[PDB]
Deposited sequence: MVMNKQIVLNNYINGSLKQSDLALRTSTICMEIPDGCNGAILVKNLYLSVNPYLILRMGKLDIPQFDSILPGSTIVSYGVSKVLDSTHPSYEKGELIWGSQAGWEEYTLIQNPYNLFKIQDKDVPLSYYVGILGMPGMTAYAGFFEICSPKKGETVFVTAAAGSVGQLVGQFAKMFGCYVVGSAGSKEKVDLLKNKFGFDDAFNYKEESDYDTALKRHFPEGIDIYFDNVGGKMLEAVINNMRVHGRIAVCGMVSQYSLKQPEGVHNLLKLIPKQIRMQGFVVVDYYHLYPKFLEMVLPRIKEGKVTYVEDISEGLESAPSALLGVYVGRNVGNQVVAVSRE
């Protein structure tokens, strides 16, 4: 009864991303739920997330796998238009992992949806800090890395949707932190905006190992991995005993086949390194204690966050190549309406 513009994929992304791999279509959708369909909500999407984890969802690996004609689904903000789930009614705002890259989405069995409880916060922050990215940074740091007071912490891609929060949580926790991003603009931004104890550009130093003792003569305890590759090789060579590595992303391998090899895995034994891959969805029962912790540190100016707004559905393809090659800054968020 109303037209719905979807954004679909066109092939598994092994490497060399092309904008032709995203087919923008126009479909129909009824503005209310069909008969015999209880426990479902029809929503109008608003803001969608564009974080590196979606490129991993296109891997062509074994479960939860996204990838070509199927419609793209990820996190987003959506207004309930009609509902057969008594937890929701018209006009209510929510955010969850069931938002399609479309104007109107029919969610047939919502599970991890969280109520907006809107207050005065910008609505895009339930896609950034108050959504999956902030929940990812929180879960990856305190739950995985078991941080102790006054330990060395290091964050890759600290300009991304997750890293800019890992460093802020870690210094406010009470730890030495260093960040790494891929542009002069980001480095001093990461230095001036977030209070990072230090930062640098990883392609300025053509030798990762030399640059990591330049900032960590005492070794490193905690590593939040968003890049992987041979940067992960350099970290292991500098880890203190009983160090821990929370692996959230491996962006260096999204670009090309035959990913870079890691050869110093032997070091995991003599310095007893714990390395754990993780995804945010397994740590959603801790979102309450996450939010009430972030609640005060917002309006006192204690923490901050920034985005890269790209209004409209059509752009999303151009905004996805922005995070794929690293041209984006902060959090890539696309607006479909309002």
Could you name the stretches of the deposited sequence that have no C-alpha atoms in this structure?
63, 69-70, 342
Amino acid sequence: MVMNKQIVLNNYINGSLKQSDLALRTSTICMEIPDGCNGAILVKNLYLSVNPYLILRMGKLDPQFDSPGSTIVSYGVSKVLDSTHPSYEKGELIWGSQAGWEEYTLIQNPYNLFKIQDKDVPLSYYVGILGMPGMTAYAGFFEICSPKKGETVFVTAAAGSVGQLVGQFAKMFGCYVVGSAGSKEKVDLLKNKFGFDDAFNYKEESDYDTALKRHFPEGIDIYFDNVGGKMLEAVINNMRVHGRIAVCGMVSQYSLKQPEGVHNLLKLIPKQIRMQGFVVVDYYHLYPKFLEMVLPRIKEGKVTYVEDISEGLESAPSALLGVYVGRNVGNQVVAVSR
From here on, numbers count along this sequence of modelled residues.
As the entry reports it, the stretch among 37-45 and 274-282 with higher mean C-alpha B factor is 37-45
Return whichever of 250-258 and 101-109 has the greater mean Cα B factor according to the PDB record.
250-258
Residue with maximal Cα B-factor (values as given in the PDB entry) among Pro122, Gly134, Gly228, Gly96
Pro122
Compare the CA B factors listed in the entry for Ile269, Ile55, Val303, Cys30 and report the winner.
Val303
Which third, lowest, middle or highest, does the C-alpha temperature factor of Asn4 belong to within its own chain?
lowest
Would the CA B-factor of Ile72 place it in the lowest, middle or highest third of its chain?
lowest
Could you place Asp221 in the lowest, middle or highest third of its chain by Cα temperature factor, using the values in the record?
middle
Lowest, middle or highest third: where is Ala181 by Cα B-factor in its chain?
highest
Should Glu151 be placed in the lowest, middle or highest third of its chain by the C-alpha B factor in the entry?
middle
